[PDB]
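One structure below.
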Amino acid sequence: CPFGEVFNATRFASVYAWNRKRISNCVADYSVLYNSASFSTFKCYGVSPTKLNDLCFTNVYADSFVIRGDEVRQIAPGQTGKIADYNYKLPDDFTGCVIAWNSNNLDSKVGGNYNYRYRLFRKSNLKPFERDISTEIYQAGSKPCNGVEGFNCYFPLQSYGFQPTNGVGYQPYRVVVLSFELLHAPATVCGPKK
Amino acid sequence: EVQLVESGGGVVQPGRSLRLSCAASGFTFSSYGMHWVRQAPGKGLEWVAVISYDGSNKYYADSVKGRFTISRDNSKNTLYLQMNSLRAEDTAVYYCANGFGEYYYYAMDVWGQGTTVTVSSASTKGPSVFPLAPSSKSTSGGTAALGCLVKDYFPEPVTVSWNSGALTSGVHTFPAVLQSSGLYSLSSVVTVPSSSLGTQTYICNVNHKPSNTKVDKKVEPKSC
Amino acid sequence: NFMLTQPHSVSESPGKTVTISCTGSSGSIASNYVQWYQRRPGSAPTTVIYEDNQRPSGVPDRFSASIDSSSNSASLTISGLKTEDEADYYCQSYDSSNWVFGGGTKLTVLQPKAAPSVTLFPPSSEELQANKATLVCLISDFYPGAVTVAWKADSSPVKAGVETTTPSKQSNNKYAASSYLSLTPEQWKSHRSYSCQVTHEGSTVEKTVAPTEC
């Protein structure tokens, strides 16, 4: 039951490069979800957490990434905005739970981290199941750009500053998301069921 | 469906500890979590401690930790909450509650009858009755306020009445407070016209028959 | 540090819209669940709503609640109030490693509601040599018979507040309660006087007293 192995990962990827660790063909004890005292948020959308153990899933998933602290409340169905469109779009029929916890004392640097980057602006919402690793140059105007800033040539790459003088909303946080799917296939993962 | 019985000691004198148990009967204790929470008089529910299913997680408030301990025993199918270093602010009513559902401890489901634990001393003596001088000063107000009061009495209650035809006297209860200069006080109100400007003198008739100790004093006017 | 402020009571005319709100601040209240509880007088607490969307077995269909994302607060509504539904309700929430219980908004389904009156006399020199001081503010014949007294002396609260248990007096079935305290002489001598503010209902006409001291 190697969920703690995912929990204690030393390094985390960028927000645009969220990694999916496939969970299948393993009996899920789900003991890690009990110790919620160390978890900042514990909520589920489209699924009843009480009936998680009593029902069996054909396949299950777990996704881990790092974002800022104040973005926890924006991870909800029916929400719009730049973060909800160009970073991660939640379908109205999403079935899963969103879990995050404090990591400022472990994932913050005095000089500021320069490892998590993404794309600030894009023309439209990301198509489903797309890995947004594109670094296209933003060009609002009709004047062509030669890769160097100038007349109507704005560099779309910006860096964040993690400093002690910053507020609470600049703190780094660990985020882990679990999604359970029930396709037109028989169940393969079952709880211990006492 | 869910029935809980609690047994143990009640009133305890300072110097010794108390054995408190919340025995489990009628439900599978070893499958559900248990908790102990405090409900101070007047105030709402206040968290004190929480114990996980295996007991490895014991959390306490920062300002009270070190002395207050929580415990449980799955082998004996019973509950124990050992209280250490009890103080004057720890006097309240206790209850044992199990978590809502299995492996969830963010909510409370069932509360038993509970047990009463007190750390104090009983004096049960001294009326210390002082007359309450009438004071109306009716400048077109027609207001008169007076009553009979007793301080530091035990056991409750005290029978005070106007012992006449009228039986609608506004009697009051006593505040049993054990923190922040809590002093017992009894009061009553009688609706009379402005004829109490020193014309009719009222004597509060209190006779502590079980103790044979009475305090009676004259009523003196105001000074202004 | 996680203190909460709620209205003492709320009342609306029959046929209007009524709801019970426990509005928190200094953090989103929809981030975690809020649990609804019912505390009948003299009865053990019983859950009537859990996780804001489900009802235990036997709970009447008139009980419901949800979350309004516009203001980010938890609202509990009950339609068709009945005598059997009278009890005490409080909100619930857990923050990190401790559990915080809100003050709660009282819902009562009851007759007359005449405004109360205040009678007070602070030249009680007889009791001055027994204890520090004691203000007398007698309140009776007030509906509902559960009123609590909140005082902020100038800009600092007073810790001497004393509350009774508003017992029902004999067969009258009415209520009688009062609020006393040990008051510093400086409070009512520097200013012109000291008043007893009573929270009964939304109908407050004057709430003014005209004492004439010697």
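In the structure tokens, each chain is lettered A, B, ... as it comes, each chain's residues begin at 1, and ligands are numbered from 1 in order of appearance.
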Quick one: residues within 8 Å of residue 142 in chain C, only C-alpha atoms counted, chain neighbours fewer than 2 positions away excluded, as a PyMOL selection string? chain C and resi 113-116+139-140+144-145+175+200
Residues as selected, N, CA, C and O atoms, written as a PDB file, in the first residue's frame, can you do that?
```
ATOM      1  N   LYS C 113     -45.378  39.406  23.045  1.00  0.00           N
ATOM      2  CA  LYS C 113     -43.920  39.701  23.056  1.00  0.00           C
ATOM      3  C   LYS C 113     -43.697  41.157  23.479  1.00  0.00           C
ATOM      4  O   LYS C 113     -42.898  41.849  22.817  1.00  0.00           O
ATOM      5  N   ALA C 114     -44.382  41.597  24.540  1.00  0.00           N
ATOM      6  CA  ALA C 114     -44.246  42.960  25.033  1.00  0.00           C
ATOM      7  C   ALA C 114     -42.796  43.224  25.406  1.00  0.00           C
ATOM      8  O   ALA C 114     -42.100  42.332  25.901  1.00  0.00           O
ATOM      9  N   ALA C 115     -42.346  44.451  25.163  1.00  0.00           N
ATOM     10  CA  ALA C 115     -40.971  44.813  25.474  1.00  0.00           C
ATOM     11  C   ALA C 115     -40.763  44.854  26.987  1.00  0.00           C
ATOM     12  O   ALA C 115     -41.673  45.237  27.730  1.00  0.00           O
ATOM     13  N   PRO C 116     -39.589  44.470  27.469  1.00  0.00           N
ATOM     14  CA  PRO C 116     -39.317  44.493  28.909  1.00  0.00           C
ATOM     15  C   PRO C 116     -38.941  45.897  29.375  1.00  0.00           C
ATOM     16  O   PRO C 116     -38.860  46.843  28.593  1.00  0.00           O
ATOM     17  N   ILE C 139     -35.657  41.770  35.171  1.00  0.00           N
ATOM     18  CA  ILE C 139     -36.425  41.590  33.945  1.00  0.00           C
ATOM     19  C   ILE C 139     -37.385  40.426  34.150  1.00  0.00           C
ATOM     20  O   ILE C 139     -36.980  39.356  34.618  1.00  0.00           O
ATOM     21  N   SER C 140     -38.653  40.636  33.802  1.00  0.00           N
ATOM     22  CA  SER C 140     -39.660  39.592  33.917  1.00  0.00           C
ATOM     23  C   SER C 140     -40.728  39.814  32.857  1.00  0.00           C
ATOM     24  O   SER C 140     -40.883  40.918  32.326  1.00  0.00           O
ATOM     25  N   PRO C 144     -38.989  35.744  23.941  1.00  0.00           N
ATOM     26  CA  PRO C 144     -38.768  34.483  24.657  1.00  0.00           C
ATOM     27  C   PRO C 144     -38.113  34.686  26.019  1.00  0.00           C
ATOM     28  O   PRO C 144     -37.493  35.723  26.254  1.00  0.00           O
ATOM     29  N   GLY C 145     -38.254  33.702  26.902  1.00  0.00           N
ATOM     30  CA  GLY C 145     -37.717  33.815  28.242  1.00  0.00           C
ATOM     31  C   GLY C 145     -36.261  33.414  28.348  1.00  0.00           C
ATOM     32  O   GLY C 145     -35.809  32.964  29.406  1.00  0.00           O
ATOM     33  N   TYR C 175     -41.191  33.443  32.723  1.00  0.00           N
ATOM     34  CA  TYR C 175     -39.749  33.411  32.916  1.00  0.00           C
ATOM     35  C   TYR C 175     -39.312  34.613  33.743  1.00  0.00           C
ATOM     36  O   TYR C 175     -39.935  35.677  33.700  1.00  0.00           O
ATOM     37  N   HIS C 200     -34.005  42.005  23.726  1.00  0.00           N
ATOM     38  CA  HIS C 200     -35.232  41.217  23.733  1.00  0.00           C
ATOM     39  C   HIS C 200     -35.729  40.900  22.328  1.00  0.00           C
ATOM     40  O   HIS C 200     -35.887  39.727  21.978  1.00  0.00           O
TER      41      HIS C 200
END
```
Pick out the chain A residues within 10 Å of chain B. Count only C-alpha atoms. Give them as number ranges by chain. A: 31, 33-37, 50, 194
File dump, residues just selected, N, CA, C and O atoms, as a PDB file, in the first residue's frame:
```
ATOM      1  N   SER A  31      -5.903   3.981   4.701  1.00  0.00           N
ATOM      2  CA  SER A  31      -5.604   4.416   6.060  1.00  0.00           C
ATOM      3  C   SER A  31      -4.996   5.811   6.115  1.00  0.00           C
ATOM      4  O   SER A  31      -5.047   6.452   7.170  1.00  0.00           O
ATOM      5  N   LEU A  33      -6.019   8.501   4.666  1.00  0.00           N
ATOM      6  CA  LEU A  33      -7.031   9.550   4.706  1.00  0.00           C
ATOM      7  C   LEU A  33      -7.564   9.793   6.112  1.00  0.00           C
ATOM      8  O   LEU A  33      -8.219  10.816   6.343  1.00  0.00           O
ATOM      9  N   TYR A  34      -7.305   8.880   7.052  1.00  0.00           N
ATOM     10  CA  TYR A  34      -7.845   9.032   8.400  1.00  0.00           C
ATOM     11  C   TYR A  34      -7.174  10.180   9.145  1.00  0.00           C
ATOM     12  O   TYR A  34      -7.854  11.000   9.773  1.00  0.00           O
ATOM     13  N   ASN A  35      -5.843  10.260   9.086  1.00  0.00           N
ATOM     14  CA  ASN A  35      -5.091  11.280   9.819  1.00  0.00           C
ATOM     15  C   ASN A  35      -5.221  12.625   9.103  1.00  0.00           C
ATOM     16  O   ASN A  35      -4.296  13.130   8.463  1.00  0.00           O
ATOM     17  N   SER A  36      -6.407  13.216   9.234  1.00  0.00           N
ATOM     18  CA  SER A  36      -6.707  14.496   8.606  1.00  0.00           C
ATOM     19  C   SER A  36      -6.237  15.689   9.429  1.00  0.00           C
ATOM     20  O   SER A  36      -6.418  16.830   8.991  1.00  0.00           O
ATOM     21  N   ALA A  37      -5.651  15.457  10.607  1.00  0.00           N
ATOM     22  CA  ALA A  37      -5.169  16.566  11.423  1.00  0.00           C
ATOM     23  C   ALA A  37      -4.030  17.317  10.744  1.00  0.00           C
ATOM     24  O   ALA A  37      -3.867  18.523  10.964  1.00  0.00           O
ATOM     25  N   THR A  50     -18.144   8.909   2.731  1.00  0.00           N
ATOM     26  CA  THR A  50     -18.546   7.851   3.651  1.00  0.00           C
ATOM     27  C   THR A  50     -18.652   6.508   2.938  1.00  0.00           C
ATOM     28  O   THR A  50     -18.260   5.473   3.491  1.00  0.00           O
ATOM     29  N   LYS A 194     -13.662  -4.626   6.455  1.00  0.00           N
ATOM     30  CA  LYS A 194     -13.695  -5.195   7.803  1.00  0.00           C
ATOM     31  C   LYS A 194     -13.604  -6.726   7.753  1.00  0.00           C
ATOM     32  O   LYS A 194     -14.564  -7.449   8.025  1.00  0.00           O
TER      33      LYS A 194
END
```
Give one line per residue of chain A that approaches chain C to at most 9 Å, naming the two atoms of the closest pair and their distance in Å to one decimal, counting only C-alpha atoms; sort by chain then ascending residue number and deliver it as a tab-separated table.
```
residue	atom	partner	partner_atom	distance
A:36	CA	C:96	CA	8.2
A:37	CA	C:97	CA	5.5
A:38	CA	C:96	CA	6.9
A:39	CA	C:96	CA	7.4
A:40	CA	C:96	CA	6.5
A:41	CA	C:31	CA	6.3
A:42	CA	C:32	CA	6.5
A:43	CA	C:32	CA	6.5
A:72	CA	C:31	CA	8.0
A:73	CA	C:31	CA	6.6
```
Please identify all residues of chain C having at least one atom at most 6 Å from any atom of chain B, considering only C-alpha atoms, and return them as a PyMOL selection string. chain C and resi 44+99+164+214
Shell around residue 4 in chain C at 10 Å using only C-alpha atoms, local window under 6 positions removed, as an NGL selection string: :C and (22-26 or 100-104)
